[PDB]
Structures are given as structure tokens and as C-alpha cells.
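Notes to accompany the following structure.
All residue numbers in this chain count up from 1 along the given sequence.
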Amino acid sequence: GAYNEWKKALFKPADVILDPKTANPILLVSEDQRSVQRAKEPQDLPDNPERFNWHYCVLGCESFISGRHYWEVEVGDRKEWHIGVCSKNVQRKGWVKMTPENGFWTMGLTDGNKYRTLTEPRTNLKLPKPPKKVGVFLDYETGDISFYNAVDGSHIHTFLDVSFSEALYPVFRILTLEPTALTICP
Ligand SMILES: C/C(=C\COP(=O)(O)OP(=O)(O)O)CO
């Protein structure tokens with residue numbers, strides 16, 4: 001497909017590893033630092049400044065302040081997940097609604113078959129086929145964050161022309177306890 005043939009011509013492949021210091025203590029980051037799961041109960045970890053202590057989130061180890069970047073995430077048969085980018089300076093302690101105005105540009109799935117963008121208010125997406133693997137694409141200078149079905153190239157959603165002022169991290173959120181993890185592809 002053109003998607004596979006061109007992605008690297010146009011966007012720099014990000015090698016995203018999950019930063020265990022950022023991860024909500026209810027989350028487990030795998031040893032290879034590419035997959036996240038949820039525990040039944042919050043594990044015993046410090047409340048260091050980088051950790052999300054309320055939202056069930058985890059960040060990439062590296063952020064972006066320019067250029068064009070992409071990574072792919074195997075969502076598989078998970079019933080719930082959200083992925084995207086966020087500002088370095090988001091509120092990590094206590095609640096904030098996950099929205100562009102709070103520095104989060106995400107979308108995902110809930111209740112097995114409801115695809116949404118996490119805008120204010122949420123808006124529903126209509127996807128012909130459920131995706132298994134989702135590509136997340138950032139162009140910092142144009143302001144676009146776009147999501148594609150990584151297996152067939154079809155478009156899922158684009159946040160257009162955001163005027164970014166901070167560094168941006170990949171972000172991943174899982175609310176549910178299910179057999180299937182959320183996994184980054186290298
Ligand atoms: C409790 C929780 C997430 C749910 O947040 P919200 O209740 O704000 O809902 P959503 O529209 O899915 O963001 C932990 O990240």
C-alpha cells in the first residue's frame with residue numbers, strides 16, 4: 001500500500017519506548033518498554049513529579065519540538081484504549097478533562113465499538129472496519145496530528161492546524177482490565 005511505501009518518506013519513524021516513571025501506578029510497563037497493561041490494584045510506587053497519579057496514562061520517553069514523526073500501535077481486540085499526543089506541561093496530579101485545551105490530542109475506543117475523538121465535547125467517529133493497528137502521525141510545524149489504520153491506510157481522524165507551543169509526548173491510556181495489552185510496534 002502507499003501507506004507503507006510512503007510513511008517513512010514523509011515522516012521520521014519514532015522509536016517510542018514507554019517511560020515507567022510517568023505511568024499511573026495501576027499500569028504495568030513491559031520489560032521491552034513497548035507494551036502496557038493494567039493491574040487489579042494500584043502498585044506500590046513513588047508519587048514522583050513525572051507520574052500521572054489520576055489518569056491511567058503513560059508517556060513516551062522522548063518528546064518532539066519540531067518536525068514530522070510517526071509511530072504505530074497495535075490495539076488488537078482491546079475493547080478500550082486512547083492514544084495520541086500531549087503537551088509536556090499537562091496536569092499530571094489530580095484530574096483534568098483530557099482535551100486539546102488541556103494539552104491532549106487523543107482518540108480511541110470505549111465499550112468495544114464506540115470510537116471517539118477526545119475533544120470538548122467528545123465527538124463520535126464512524127469507522128468502516130475496526131482497526132487492529134493504528135498509526136499516529138505528527139507534523140509539528142503544520143499543526144496536524146493524524147491517525148490512520150496502519151494495515152490499510154484508511155484515515156481515522158485528524159486534528160488540524162493546532163498551534164503547538166510546548167514539546168509533545170506520545171501518550172497512551174487504558175482504563176480496563178482485559179487479556180490484550182496495548183503495544184507499540186517498532
Ligand atoms: C477515569 C479515567 C478516564 C476517564 O476520563 P473521563 O471520565 O474524563 O472520560 P473520557 O471521555 O473517556 O476521557 C482515567 O484516565
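- Residues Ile26 and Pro42 form a side-chain contact, since some pair of their non-hydrogen atoms from C-beta on lies under 4.5 Å apart.
- Legend: residues meeting side chain to side chain contact (heavy atoms under 4.5 Å, CB included) with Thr99, ordered by chain and number and at least two apart, are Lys97, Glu101, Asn102, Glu120, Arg122.
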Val136/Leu138 under side chain to side chain contact (heavy atoms under 4.5 Å, CB included): CA gap, chis, key distance, verdict: CA-CA 7 Å; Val136 186; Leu138 171 65; over 6 Å; no
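- Pairs of residues two or more places apart, or lying in two chains, that qualify as salt bridge (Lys or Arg N to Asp or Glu O under 4.0 Å) and include a residue from residues 6-18 are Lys7-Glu72, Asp15-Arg34.
- Residues satisfying the side-chain hydrogen bond (donor to acceptor under 3.5 Å, both in side chains) criterion with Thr123, sequence neighbours excluded, are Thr117.
- Looking at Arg78 and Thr176, their side chains come closer than 4.5 Å, going by heavy atoms from C-beta outward.
- In terms of heavy atoms, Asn149 sits closest to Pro130 at ND2-O, 4.5 Å.
- Considering OH of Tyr169 and SG of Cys57, their distance stands at 14.5 Å, rounded to 0.5 Å.
- Here the OG atom belonging to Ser35 is positioned 8.5 Å from the CG atom belonging to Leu182, to the nearest 0.5 angstrom.
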Verdict with reasoning, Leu118 to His82, per side chain to side chain contact (heavy atoms under 4.5 Å, CB included): CA-CA 9 Å; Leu118 311 195; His82 301 81; 3.6 Å; yes
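- Nearest heavy-atom pair across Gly135 and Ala150 is N-CB, 4.1 Å.
- Grouping the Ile, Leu, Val, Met, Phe, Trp and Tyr side chains by contacts below 4.5 angstrom, directly or via other members, places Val85 apart from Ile17.
- Judged as a side-chain hydrogen bond (donor to acceptor under 3.5 Å, both in side chains), the pairs with a partner in residues 132-145 (not counting sequence neighbours) are, in order, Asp139-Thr142.
- Atom CD1 in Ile174 sits 5.5 Å away from atom CG in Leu27 (nearest 0.5 Å).
- Screening residues 154-166 for side-chain hydrogen bond (donor to acceptor under 3.5 Å, both in side chains) gives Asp152-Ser154, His155-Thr158 as the qualifying pairs, with residues at least two apart or on separate chains.
- Hydrophobic cluster membership of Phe137, counting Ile, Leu, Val, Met, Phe, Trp and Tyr whose side-chain heavy atoms lie under 4.5 Å apart directly or via other members: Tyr3, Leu10, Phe11, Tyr70, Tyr148.
- The closest donor-acceptor contact from the side chain of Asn53 to the backbone of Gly94 lies under 3.5 Å.
- No side-chain heavy atom of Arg173 sits less than 4.5 Å from a side-chain heavy atom of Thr106.
- A search for side chain to side chain contact (heavy atoms under 4.5 Å, CB included) contacts involving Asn124 returns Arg116, not counting sequence neighbours.
- Partners of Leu109 under the side chain to side chain contact (heavy atoms under 4.5 Å, CB included) rule, at least two apart in sequence or in another chain, are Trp81, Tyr115.
- Residues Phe147 and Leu125 are not in side-chain contact: their nearest non-hydrogen atoms beyond the backbone lie 4.5 Å or more apart.
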Going through the checks in order, is the side chain to side chain contact (heavy atoms under 4.5 Å, CB included) test met by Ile156 and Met107? CA-CA 9 Å; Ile156 284 177; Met107 59 85 41; 3.7 Å; yes
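- Between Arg38 and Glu178, no side-chain nitrogen of the basic residue sits less than 4.0 Å from a carboxylate oxygen of the acidic one, so the salt-bridge criterion is not met.
- Residues forming a side-chain hydrogen bond (donor to acceptor under 3.5 Å, both in side chains) with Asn89 (at least two apart in sequence, or on another chain): none.
- Annotation: side chain of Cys86 is not in contact with side chain of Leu168 (no heavy-atom distance under 4.5 Å).
- Two residues are said to be in side-chain contact when any heavy atoms from C-beta on lie closer than 4.5 Å; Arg92 and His55 fail this criterion.
- Counting only heavy atoms from C-beta outward, the side chains of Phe172 and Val29 never approach each other to under 4.5 Å.
- Put simply, the side chain of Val90 does not reach to within 4.5 Å of the side chain of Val96, judged on heavy atoms.
- Pairing each heavy atom of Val58 with each of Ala23, the nearest pair is CG2-CB, 3.8 Å.
- For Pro100, the side chain to side chain contact (heavy atoms under 4.5 Å, CB included) partners two or more places apart in sequence, or in a different chain, are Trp105, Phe159.
- Here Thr180 contributes atom OG1 and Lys79 contributes atom NZ; the two are 6.5 Å apart, rounded to the nearest 0.5 Å.
- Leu59 and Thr22 get closest at one heavy-atom pair: N-OG1, 3.0 Å.
- Pairing each heavy atom of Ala39 with each of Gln43, the nearest pair is CB-NE2, 3.8 Å.
- Remark: the backbone N or O of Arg51 is paired with a side-chain donor or acceptor of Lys93 at under 3.5 angstrom.
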